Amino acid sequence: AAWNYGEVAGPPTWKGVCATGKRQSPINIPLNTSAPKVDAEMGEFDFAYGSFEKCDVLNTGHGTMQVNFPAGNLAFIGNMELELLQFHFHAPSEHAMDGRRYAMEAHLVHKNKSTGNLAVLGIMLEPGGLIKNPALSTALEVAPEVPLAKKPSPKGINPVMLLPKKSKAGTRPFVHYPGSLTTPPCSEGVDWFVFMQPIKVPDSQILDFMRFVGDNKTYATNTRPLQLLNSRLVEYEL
């Protein structure tokens, strides 16, 4: 009949810009579309991330844990310098590609040192991996139980492990578009770069994360529904 489970009741009740905004994330990312793809002409990312950062792991109390970093983790793109602030995860992925979401999505949030605005790199996490992603692994182990608490992690964290390998041609193809934080206050003016290439994590880790989101008592999600592109352009650095 006309009964369903439906989507989580949360997001559609969010107020503020979350409802009125016209530049909201996440959005769909067409990549097998018939429409012309506007090249972002921005170059390739160059990453200067540390290999054993010492991090605070916060429990955001909204599902994901948040691994915070000290300065000196820099990513370079389009003549700007982005500094890494923190990473966290969402399951399922928040962006889709051609309408389809992935098992998880890592978000690596940066400050644009050039501008002061927020930049966010999104990486899709796919099931099927056989090597435990140590960044995600450490972030699940150190994650404090009490919401809004934060323990320092004993192990180091290499955030490079949440980025795609360079392809056979040396690229890390991506798409770029202006958007917003995916959680309240859903603030706009955020620059989004989303990597086309997923990383393969093991299925155990994805379930571990959904378990974390469900507070070790069930399996839950923490993703916002797709938003309307509106008059925005997605730019492709393939």
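Numbers follow the displayed sequence, beginning with 1.
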For 67 to 75 versus 82 to 90, entry-based mean Cα B-factors point to 67 to 75
Out of 92 to 100 and 164 to 172, which one has CA B-factors that are higher on average in the deposited record? 164 to 172
Criterion, highest CA B-factor; candidates, 143, 135, 131, 106: 143
Splitting the chain's C-alpha B-factors into thirds, which one does residue 223 fall into? lowest
By the recorded C-alpha temperature factor, relative to the other modelled residues in its chain, which third is residue 211 in? lowest
Residue 204 - which third its CA temperature factor falls in, relative to the rest of the chain: lowest
Based on the deposited C-alpha B factors for this chain, I'd like to know if residue 147 is in the lowest, middle or highest third. middle
Sorting the chain's modelled residues by C-alpha B-factor, tell me whether residue 156 ends up in the lowest, middle or highest third. highest
